[PDB]
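Structural description and commentary
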Amino acid sequence: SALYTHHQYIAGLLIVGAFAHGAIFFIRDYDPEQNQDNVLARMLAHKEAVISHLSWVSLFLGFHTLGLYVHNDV
Amino acid sequence: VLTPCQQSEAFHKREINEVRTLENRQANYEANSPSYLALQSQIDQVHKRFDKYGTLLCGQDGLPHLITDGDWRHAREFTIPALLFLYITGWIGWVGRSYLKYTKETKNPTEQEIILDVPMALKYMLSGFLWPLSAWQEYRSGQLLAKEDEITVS
Amino acid sequence: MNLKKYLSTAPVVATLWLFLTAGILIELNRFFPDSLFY
Amino acid sequence: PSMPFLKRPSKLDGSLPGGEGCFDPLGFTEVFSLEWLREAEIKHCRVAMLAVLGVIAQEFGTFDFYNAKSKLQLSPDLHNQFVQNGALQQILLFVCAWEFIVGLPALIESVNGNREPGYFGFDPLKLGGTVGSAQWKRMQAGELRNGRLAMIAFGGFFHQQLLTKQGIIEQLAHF
Amino acid sequence: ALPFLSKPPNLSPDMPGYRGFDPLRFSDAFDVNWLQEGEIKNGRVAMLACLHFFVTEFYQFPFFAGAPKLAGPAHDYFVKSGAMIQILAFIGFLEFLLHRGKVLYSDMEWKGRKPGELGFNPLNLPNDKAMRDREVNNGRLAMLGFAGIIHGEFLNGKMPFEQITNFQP
Amino acid sequence: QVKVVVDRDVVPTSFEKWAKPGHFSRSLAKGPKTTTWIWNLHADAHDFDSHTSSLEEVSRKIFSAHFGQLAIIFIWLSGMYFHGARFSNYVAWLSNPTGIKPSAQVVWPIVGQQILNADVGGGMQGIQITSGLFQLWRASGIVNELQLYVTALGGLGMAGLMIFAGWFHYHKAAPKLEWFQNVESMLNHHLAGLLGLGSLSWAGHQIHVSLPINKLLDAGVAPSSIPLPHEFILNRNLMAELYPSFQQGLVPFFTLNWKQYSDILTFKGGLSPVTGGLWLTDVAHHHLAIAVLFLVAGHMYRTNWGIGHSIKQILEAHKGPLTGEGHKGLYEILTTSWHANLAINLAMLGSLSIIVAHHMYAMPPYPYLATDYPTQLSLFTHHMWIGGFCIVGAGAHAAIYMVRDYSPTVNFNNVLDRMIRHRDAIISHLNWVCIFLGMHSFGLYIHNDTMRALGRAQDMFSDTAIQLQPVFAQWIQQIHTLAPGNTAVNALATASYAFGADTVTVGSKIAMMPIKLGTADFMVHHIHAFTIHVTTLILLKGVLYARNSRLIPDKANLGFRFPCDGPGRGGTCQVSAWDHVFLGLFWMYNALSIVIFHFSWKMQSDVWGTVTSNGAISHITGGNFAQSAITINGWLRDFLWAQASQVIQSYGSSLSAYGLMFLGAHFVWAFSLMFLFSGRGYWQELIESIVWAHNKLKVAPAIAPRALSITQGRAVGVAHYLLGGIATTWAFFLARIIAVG
Ligand code: CLA
Ligand code: CLA
Ligand code: CLA
Ligand code: CLA
Ligand code: CLA
Ligand SMILES: CC1=C(/C=C/C(C)=C/C=C/C(C)=C/C=C/C=C(C)/C=C/C=C(C)/C=C/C2=C[C@H](C)[C@H](O)CC2(C)C)C(C)(C)C[C@@H](O)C1
Ligand SMILES: CC1=C(/C=C/C(C)=C/C=C/C(C)=C/C=C/C=C(C)/C=C/C=C(C)/C=C/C2=C(C)CCCC2(C)C)C(C)(C)CCC1
Ligand SMILES: CC1=C(C/C=C(\C)CCC[C@H](C)CCC[C@H](C)CCCC(C)C)C(=O)c2ccccc2C1=O
């Protein structure tokens, strides 16, 4: 029970680092001219749909764990 | 293994335990107390509660589980209120979209949203009843969607 | 005369609709309580 | 003063059918705009005339099959006989059909000032139902006086309970 | 028409069935012609629906039900038997062709001067004359009488018919 | 001079401006182009010194609004009297109060929640009262349901008089400002007329209602043989049996032979040993002392008759040398700025409510109040919490004075701004006292925490270890033991049984036990002095740095609810005089959370519980304070782990609604943190990234969906941190003490 929780908190730390250097990549390392309509430029293009749908599935689960847990708890 | 719930042991253990446990308060009152009649109604609402969960699946926990596969034997469990629900907030969503594309073309769209025009509101509240084949036929005209709206830098 | 405009605003009609559908849920859960089927 | 009283000369009223005058000693018409109050006066006096004729008619012996009276107030013999009968519900509910449905907007007509707040039409009488000036106003004051006397008279027909405990006719049968 | 000066609503007097009566001013906010169409349609299907409560007598019982004069769980007797789903298929597949715009407040097809569609009228003795008014009165009467039959089936449950002769609670 | 000039037909009373939301603010009558107009509509609903600078129109608005507040209070008390009438078991509670738990609210039977109807006795169930209404009704002498119905209907009658009064005093008779700045008359009628005739007339109610009734109920008469309070005034004969000084009439009063009134009035103190409340002879005598004393107090303000003071000639006369000008200006500050008056009255009102809590736990003034411990707890706790919040309202509205209504011409070299000349020396020494008390109030707990954790319990701060016996509190408590023979000469018992003699028990329930204060109670008092000094630091830093700091030297040019200045000066987030009040609400939650965590655990260890045969003792935790309050593991374990166990196992029973308002209040507490930590620079284009998903489906809302502003996006974090944080201790406390007491 120490190894599991150990590698899990290290696991979540390292995902959050991968995304944080994602944002460091898009700020201090990204050139949208060698990436002329590239796959990354395509990613920055339709990013509104990506954030709208992560916000959608997050809004679906958070009314349907907390919906079901407050239902079961009541 | 999901046993059928009408014959599971721990289910009927919860029947005896909750009818008896709630029944323990029922001997605290006389034969014509209003509370005693209320717990008569409550004991009725427990035996009905456990007879009306007969065709469910309570496993070893004695608690009625559900199944969301669309097995068509569990359709009254999940998929019938699923399609029912999707009809209800497809109603609500098509009402709200239809009312916003009303007030988008009015005099002052700001004052339209504080003070709802209950004439035109209750027009769209009731008219948005058949949103699959009305929203679908407004989709086939290429009008449910849009194109070239706002966006950031790229 | 202009009271019906106040009874057409956002919070008042919000209460006269969520009060109403709230009464749909409660009056539909007194008549048919413990409704997990269908 | 314009009042036939101590002194408050025509605070707001005087042309209304108070033929002996405008009474109003306490500041209600001062701040209530008087049309609401005129509808309250007239509606209370109508329902009080029905109240006092109800008490008299019930004291003159009419029951299909019910409880005997011995009084016409004090709920669990008379008033809460019919509520637990499930009987006075609808005779309230049609009053709900009169008041919420065809009396509440009429009161709205008795706010904007186009009502003369009696006047639910209602003259089913030939040879005497003058809608005009003389008989309409001198009869509206008569409805008003007999209605007010019904209000105090129904007060007296209620509160003869403590040293009475009996009917009003049997109050007349003792002094 | 209603005497206490309550008559400037959104209505019109040339409308059929007009007698000047809306104290709760439902004519406002609810599209008076669509309300007229709802009164006509509620009157006609209520009119047929209480005509069924007159033809619960021995005529036309063809081999399928055999259980007349129930009017309560008769709804359960024919929901349970099936094909009332199919009578929603009958009304649904008619009514698509009746109105052809078929949406409640959105796009009411005000074309033919009147809430009456295509003239479903093979007999065709009157046109849209003041016969419409005596359709409206025989519609409203057949609404409230329909309700009285059903609540008579509710608390008494005895007879839709023989409450008329000498039977009283 | 004193004269009442009243405008008539001020404002027409149509519903026209209800159709114009934000009619009142010309800064906000533009209409919502964004959703921030929605919340600014409510944030400017009562900024009365932001509608118009004209103090006449403002003063009409507020003075009419008070009648709306009193209308809601009379609807509230009429609600409590009706829920006492129709729904409560108060008539059955009046028979045996120590057995029947008080309940009014009878939960409607929907799915499950009919199990909340606790069978508390009286033959009729419902959820149990903790507000203690039945004790105030037994004290007030309400016998049967009829006075509860009638007093409820009079509550609606006064509610109608306050709605009609407020409408009448904004619209069709509203006064001038010269009525309002006539403040010697206002004190002259509130000291004398309000409080004087209030306490005098209440002495009338207690002598002619409560003393016969709570003499009969003290004698144990059933609530049918008790005559009405009606019948004690038709004849003195039913009271001369009970109190034989009524036979003499008012004749010994007018001859000043007040020795004769020892039956009606006395000075005994202590508690009634039968009912567990104060002697209503002492309480009625007490309200006479407030009566004559306040009617003396009212007549020191010259109004028309040239007899009395004015506040100007008082404040000028204290021209002290170390202040220079003296109190010159404060009569012009407090009669032209409302927010300063709200600062003073919320400070003294809140501290009065705290005083109310401390005087109710130790001198329980209602009969059978200290018997049922939840009503004893939650009337300490509730009045402690509003008694907290009103002090932050003082710390806010003092700053709202200092930002808006400060004017250096009237306010030049007086007692006020000479503080602000050395506000560095104010706030710096509050900073020192906060650090010194934090070390010496909480470092002692880390000390005992380590020494108990390091095994060396010889080095703790217990009674066995290095003791910290509170010397001063034990000494003056020993003086309060020696009061009623020595100094309170005509007394019999002490001021309380939190001070002196052996305990008072009613129905084998400990009403009040003498509280012992040794070496753990000490350190919790230094918690309280510490967290009081921190709120005083944030709420004096919020006022002395309100108008012009040395960080930001134009805050009055920015306002009161401004969020910040910018990232300049290395970041100036959260710097306004409002933002200190934002902080003082969290420290309000801290300070009162450990006040009631001192209360509800010292008095579950040292006072409350039962008594057994031969007068033997039994507390609820069983003396488990001084060996356990000294640490934090003893505090968290032995209090928050152990006292939670009756909130947590509360399912399947009538205490399960506290088991829902416990977890849901943990949810609201945890839900505040989302608003506190993040900010609208995230949420605004998170939201706008959702606005793309509405613009794609043409569901663009016409009011533009902004995020919250900054000050709203932290005010809501306060108002959830406190709602969830307070409702956790609410559900924990009532589910703790209802489950036993
Ligand atoms: C208890 C703590 C708590 C809770 C419940 C949430 C919940 C959520 N956060 Mg979150 N958050 C928190 C703490 C919390 N956070 C903290 C501490 C941080 C660090 C500051 C963040 C940082 C953060 C970020 C950065 C983001 C979120 C987002 C979200 C949402 C995810 C979508 C979803 O599940 O919606 C489901 C909805 C809910 C779970 C809401 C709860 C249900 C409510 C209570 C019912 C509705 C009201 C109810 C009827 C009561 C009425 C009240 C009465 C006055 C009438 C969700 C609302 C994201 C978002 O916006 O997604 C769309 C997002 O981008 N959060
Ligand atoms: C006009 C009504 C309306 C409609 C059709 C939609 C439709 C949509 N919203 Mg939504 N939304 C609405 C109102 C509406 N919203 C309101 C009022 C709010 C503020 C609370 C939000 C907040 C919101 C968020 C935060 C998110 C969406 C998202 C979405 C999309 C995914 C579906 C979903 O989970 O909804 C979400 C539904 C809710 C959050 C709750 C429903 C909102 C209210 C309670 C019901 C709306 C009815 C409306 C008020 C009726 C008014 C008109 C009537 C009086 C005439 C979808 C396009 C998501 C997205 O981008 O996915 C791609 C997303 O992340 N919406
Ligand atoms: C002796 C007379 C008297 C009395 C009893 C009061 C009492 C009160 N004043 Mg008040 N006041 C007075 C004189 C008086 N005032 C004078 C002379 C002035 C002008 C200098 C003011 C100016 C003033 C302001 C500016 C405010 C008050 C407020 C209040 C209320 C505080 C809330 C409270 O304690 O609730 C307890 C409630 C009660 C005890 C109920 C009291 C009701 C009884 C019947 C006494 C009321 C008699 C009434 C004043 C007579 C009006 C005469 C008119 C009818 C002809 C309280 C009702 C505050 C408030 O809330 O506004 C209303 C407030 O903001 N007063
Ligand atoms: C549990 C978390 C926590 C802690 C410990 C503190 C502690 C403190 N806050 Mg605080 N605060 C907190 C949460 C906390 N806050 C939160 C959540 C808010 C949100 C609103 C605030 C808001 C706030 C404001 C607004 C202010 C403070 C201030 C202060 C200081 C008060 C002076 C004092 O007590 O000094 C004594 C210090 C302690 C009791 C901390 C423990 C020290 C131990 C006893 C001794 C040292 C330990 C050890 C020996 C160190 C050496 C070893 C190490 C070097 C290896 C104090 C340091 C005030 C300030 O600036 O100072 C006056 C102030 O104005 N706080
Ligand atoms: C802040 C609160 C506080 C206090 C009062 C103490 C006090 C003590 N701790 Mg301690 N401790 C604390 C917090 C505290 N601790 C915390 C927070 C931790 C965990 C980090 C520990 C961990 C700890 C350990 C592990 C141990 C102690 C021990 C001790 C004891 C001996 C330490 C010693 O020699 O003092 C040193 C004292 C000084 C150097 C004196 C400086 C202060 C003087 C009095 C200021 C005077 C100024 C004066 C008033 C100016 C005005 C006059 C002038 C103008 C003329 C002593 C009782 C030891 C023990 O065995 O306990 C018996 C021990 O082993 N503590
Ligand atoms: C309430 C209470 C009463 C009931 C009271 C009321 C009066 C109930 C009666 C209501 C009547 C008015 C019902 C009327 C029914 C009329 C039928 C439905 C008409 C049918 C016409 C249809 C077939 C349409 C006809 C088209 C007419 C037209 C000629 C077109 O070209 C073509 C064509 C033929 C389609 C009692 C006392 C009687 C009985 C109690 O039990 C209950
Ligand atoms: C069961 C199974 C399976 C399946 C599985 C899979 C394979 C899945 C998939 C899935 C996956 C496997 C996924 C992954 C994940 C990953 C992640 C997690 C990623 C993300 C990323 C990050 C984190 C970051 C980001 C970024 C940015 C932001 C910018 C730049 C770019 C980048 C990318 C860097 C198989 C077939 C094998 C077989 C059988 C079994
Ligand atoms: C989540 C969050 C938001 C977003 C909060 C959104 C904007 C408000 C969500 C609740 C509102 C009330 C939803 C609006 C819905 C209307 C009530 C209509 C719904 C229909 C009925 C319920 C009436 C911020 O604006 C914010 C600002 C500053 C710091 C932190 C935060 C922050 O954490």
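Structure determination for this entry is recorded as cryo-EM, at 3.82 Å resolution.

A few words now on the overall build of chain F. A count of helical and extended segments in chain F gives 26 helices and 6 strands. For 741 residues, the compact-globule estimate of 2.2 N^0.38 gives 27 Å, and the C-alpha radius of gyration of chain F, at 29 Å, lies within 12% of that figure. In terms of overall dimensions, chain F has a C-alpha envelope of 75 × 75 × 65 Å along the principal axes. Counting all 741 residues of chain F, 47% fall into the buried class. In chain F, 68% of the contacts between residues at least 6 apart in sequence involve partners at least 24 apart. Surface summary for chain F: the accessible area is close to 36,100 Å², and the carbon and sulfur share equals 66%. In chain F, which carries 44 positive and 36 negative side-chain charges, the distance between the mean positions of the two groups comes to 6 Å.

A few words now on the overall build of chain B. A count of helical and extended segments in chain B gives 6 helices and 2 strands. Listed N to C, the secondary structure of chain B is α-α-β-β-α-α-α-α in terms of helices and strands. Burial status across chain B gives 33% buried among its 154 residues. Only carbon and sulfur atoms are counted for the fraction: they give 58% of the accessible area of chain B, which is about 10,100 Å². Of the charged side chains in chain B, 16 are positive and 19 negative; the average position of the first set lies 3 Å away from that of the second.

We now examine the state of the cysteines. Considering all chains together, one arrives at 1 disulfide over all chains under this definition. This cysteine, D:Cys22, is not joined by any disulfide, and D:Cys45 carries the nearest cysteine sulfur, 18 Å off.

In the vicinity of ligand 1, 15 residues are found, and the nearest of them are A:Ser58, A:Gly62, F:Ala670, F:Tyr682 and F:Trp683. With respect to ligand 1, the chains having nearby residues are chains A and F. At a separation of 2.8 Å, an oxygen atom of ligand 1 approaches a polar backbone atom of A:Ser58. One of the side-chain nitrogen or oxygen atoms of F:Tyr682 is found 2.4 Å away from an oxygen atom of ligand 1. At the level of elements, α3 (47-61) of chain A together with α24 (656-677) and α25 (680-695) of chain F are the ones that each hand at least two residues to the shell around ligand 1. No other element matches the 6 residues that α24(F) contributes to the shell around ligand 1. Of the residues assigned to the shell around ligand 1, the class counts are 12 nonpolar, 3 polar and no charged.

Residues and elements named next belong to chain D. For helix α5 (residues 134-158), with 25 residues, the first-to-last C-alpha span of 36 Å sits near the 36 Å given by 1.5 Å per residue. Every buried residue of α5 is listed here: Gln 140, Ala 141, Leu 144, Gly 147 and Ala 150. Its buried side turned inward, α5 meets α1 (35-59).

Around ligand 8 sit 14 residues in total, of which F:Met674, F:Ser678, F:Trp683, F:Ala707 and F:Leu708 are the nearest. Looking at what sits near ligand 8, you find residues from chains C and F. Within the contact set of ligand 8, an oxygen atom lies 3.2 Å away from a backbone nitrogen or oxygen of F:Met674. One of the side-chain N or O atoms of F:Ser678 is found 3.3 Å from an oxygen atom in ligand 8. Protein chains shield 52% of the accessible area of ligand 8, which is 770 Å² for the free molecule. For the shell around ligand 8, the secondary structure elements donating two or more residues are α2 (10-27) of chain C together with α24 and α25 of chain F. At 3 residues, α25(F) tops the list of elements feeding residues into the shell around ligand 8. Among the residues making up the shell around ligand 8, the classes are represented as 9 nonpolar, 4 polar and 1 charged.

Residue and element names in this part refer to chain F. Along the chain, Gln 646 falls in helix α23 (residues 645-648). When the C-alpha atoms of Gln 646 and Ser 353 are compared, they prove to be 29 Å apart, with 293 residues separating the residues in sequence. When sequence neighbours within four positions are dropped, the list of residues in contact with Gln 646 reads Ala 735, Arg 736, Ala 739 and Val 740. In this structure the side chain of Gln 646 is engaged in a polar contact, spanning 2.6 Å, whose partner is the side chain of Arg 736.

All right, on to the packing of aromatic side chains then. Residues and elements named next belong to chain F. Within this structure, the stated rule accounts for 73 aromatic pairs over all chains. Ring geometry for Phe 586 against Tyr 721: centres 4.7 Å apart, planes inclined by 80°, an arrangement best described as edge-to-face. Here the residue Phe 586 occupies a position in helix α21 (residues 577-602), and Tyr 721 occupies one in helix α26 (residues 712-737), the gap between them amounting to 135 residues. A relative accessible area of 17% places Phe 586 in the buried class. On the numbers, 5.9 Å between centres and 85° between planes, the contact of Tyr 589 with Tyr 721 is edge-to-face. A residue pair is termed long-range when its members are at least 10 positions apart, and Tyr 589 in helix α21 and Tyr 721 in helix α26 qualify at 132 residues. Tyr 721 shares its class with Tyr 589; the two are buried. Linked through ring pairs, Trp 385, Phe 389, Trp 578, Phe 582, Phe 586, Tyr 589, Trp 669 and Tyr 721 together constitute an aromatic cluster.

A few words on the pattern of salt bridges. All names here are of chain D. Throughout the structure, instances matching the rule amount to 25 salt bridges over all chains. The salt bridge partner of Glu 20 is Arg 145, with a shortest N-O separation of 3.2 Å. With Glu 20 in the segment before α1 and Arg 145 in helix α5, the pair connects residues that are 125 residues apart, well separated along the chain. Classification of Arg 145 as partly exposed rests on a relative accessible area of 31%. The partner of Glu 116 in a salt bridge is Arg 38, and the shortest N-O contact between them spans 3.1 Å. Placement of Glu 116 in the loop between α4 (104-112) and α5 and of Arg 38 in helix α1 is noted, with a sequence separation of 78 residues between them.

Here we take up the interface of chain F and chain B. With 23 residues of chain F at the interface, the matching set in chain B holds 21 residues. Where chain F packs against chain B, one counts 1 salt bridge. Residues B:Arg25 and F:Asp119 are paired through a salt bridge, measuring 3.0 Å at the closest nitrogen-oxygen approach. Scanning the region where chain F abuts chain B turns up 5 residue pairs in polar contact. A per-element tally of the side of chain F that touches chain B places α25(F) first, with 3 residues. Within the side of chain F that touches chain B, the residues separate by chemical class into 13 nonpolar, 5 polar and 5 charged.

The subject of this paragraph is the arrangement of the chains. Of all 10 pairs of chains that touch, the greatest number of contacts is found between chains B and F. At their nearest point, the C-alpha atoms of chain A and chain E are still 30 Å apart, with no contact between the two. The two units chain E and chain F are non-contacting; their minimal C-alpha-C-alpha distance is 17 Å.

This part takes up the environment of F:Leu468. Residue and element names in this part refer to chain F. Relative to the helices and strands, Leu 468 is located in the loop between α17 (423-453) and α18 (471-481). The class for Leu 468 is partly exposed, based on a relative accessible area of 22%. Expressed as a C-alpha distance, the spacing of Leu 468 and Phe 522, which sit 54 residues apart in the sequence, is 6.9 Å. For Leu 468, the contacting residues outside a window of four places in its chain are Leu 444, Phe 461, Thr 519, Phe 522 and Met 523.

On to unusual backbone geometry. All names here are of chain F. Positive phi values are uncommon outside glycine, yet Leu 256 reaches one of about 60°. Within the secondary structure layout, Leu 256 lies in the loop between α10 (251-254) and α11 (280-298). Classification of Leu 256 by relative accessible area gives exposed; the value is 60%. You will see that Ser 508, though not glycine, has its phi angle at about 55°, which is positive. Looking at the element boundaries, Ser 508 is found in the loop between β3 (504-505) and β4 (510-512). By relative accessible area, which is 39% here, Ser 508 ends up partly exposed.

Criteria and thresholds
Residues numbered from 1 in each chain as written, not as in the entry; some residues may be left out. Chains lettered and ligands numbered in written order. Part of a larger assembly, values for the part shown. Heavy atoms only, no water. Helix = DSSP H or I, 4+ residues; strand = E, 2+ residues; numbered from the N terminus. Rg over C-alpha atoms; globule rule 2.2 N^0.38 Å. Buried < 20%, exposed > 50% of the residue type's maximum accessible area, 1.4 Å probe, protein only. Contact = heavy atoms within 4.5 Å. Areas by Shrake-Rupley, 256 points an atom, 1.4 Å probe, with all protein chains shown as cover. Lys, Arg positive; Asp, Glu negative; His and termini not counted. Charge placed at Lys NZ, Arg CZ, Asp CG, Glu CD. Disulfide = S-S within 2.5 Å. Near = heavy atom within 4 Å. Polar contact = N/O pair within 3.5 Å; in protein donor to acceptor, adjacent residues only side chain to side chain. Nonpolar A, V, L, I, M, F, W, Y, C, P; charged D, E, K, R; others polar. Expected span 1.5 Å × (residues − 1). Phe/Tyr/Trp six-rings, centres within 6.5 Å; stacked < 30°, edge-to-face > 60°. Salt bridge = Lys/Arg side-chain N within 4 Å of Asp/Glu carboxyl O.

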